[PDB]
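K.L.:
Same order as they appear, the protein sequences are chains A and B. Here the first sequence stands for residues 557 to 606, where the numbers follow PDB author numbering. Here the second sequence stands for residues 215 to 242, where the numbers follow PDB author numbering.
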Amino acid sequence: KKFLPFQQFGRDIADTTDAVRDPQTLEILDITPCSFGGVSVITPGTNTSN
Amino acid sequence: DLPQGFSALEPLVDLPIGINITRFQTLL
Ligand SMILES: *[C@@H]1O[C@H](CO)[C@@H](O)[C@H](O)[C@H]1NC(C)=O
Ligand SMILES: *[C@@H]1O[C@H](CO)[C@@H](O)[C@H](O)[C@H]1NC(C)=O
Ligand SMILES: *[C@@H]1O[C@H](CO)[C@@H](O)[C@H](O)[C@H]1NC(C)=O
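Here is the structure:
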């Protein structure tokens with residue numbers, strides 16, 4: 557990202573922070589939330605298998 | 215005679231100084 561020198565962080569439409577400045581280094585970091593998703597169980601009937 | 219166009223003013227300076235400002239002057 558092309559952060560302007562005054563910007564401490566950046567944010568998405570949800571107001572969630574997308575990117576930040578580090579307080580101990582002049583660097584700008586992207587933040588990606590952790591991988592997640594539905595756990596779906598594919599099964600035959602318990603009459604037939606576990 | 216202020217030229218037409220578009221510009222975005224950027225913050226540079228921040229002063230915690232609490233001055234009551236109901237007036238101002240220009241130093242030519
Ligand atoms: C954090 O520490 C490093 C190493 O001493 C220094 O270079 C850097 O300027 C410091 N950052 C801030 C924001 O004080
Ligand atoms: C499962 O269903 C079959 C019919 O397709 C039946 O013969 C069998 O006894 C059933 N088993 C259990 C544990 O209910
Ligand atoms: C600033 O000064 C004006 C008088 O010129 C006064 O009416 C106003 O209440 C003052 N504001 C503050 C925040 O002190």
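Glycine residues also receive a C-beta, built at the ideal position from the N, C-alpha and C atoms.
Between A570/A, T572/A, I569/A, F562/A, which lies nearest to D228/B when the distance is taken from Cα to Cα?
P.N.:
For the purposes of this step, residue 228/B is identified with residue 14 of the second sequence, where counting begins at 1. The candidate whose alpha carbon is nearest that of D228/B is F562/A.
K.L.:
Quick check: the Cα distance between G593/A and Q580/A, rounded to an integer number of angstroms?
P.N.:
Within the first sequence, the letter at position 37 stands for residue 593/A. Within the first sequence, the letter at position 24 stands for residue 580/A. Here the C-alpha atom of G593/A lies approximately 34 Å from the C-alpha atom of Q580/A.
K.L.:
With distances taken from CA atoms, which of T604/A, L582/A, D586/A is nearest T572/A?
P.N.:
As a working note, residue 572/A is residue 16 in the first sequence. Considering only alpha carbons, the answer is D586/A.
K.L.:
Where does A570/A sit, in a helix, a strand or coil, going by DSSP?
P.N.:
The residue given as residue 570/A occupies position 14 in the first sequence. Here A570/A sits in coil by DSSP.
K.L.:
Would you call the CB atoms of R567/A and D574/A closer than 8 Å?
P.N.:
In the first sequence, counting from the first residue as 1, residue 567/A sits at position 11. In the first sequence, counting from the first residue as 1, residue 574/A sits at position 18. Yes; because the gap between Cβ atoms is below 8 Å, this pair is in contact.
K.L.:
List the residues that DSSP assigns as beta-bridge partners of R237/B.
P.N.:
By 1-based counting over the second sequence, the position of residue 237/B is 23. For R237/B, which the question treats as bridged, DSSP gives no partner whatsoever.
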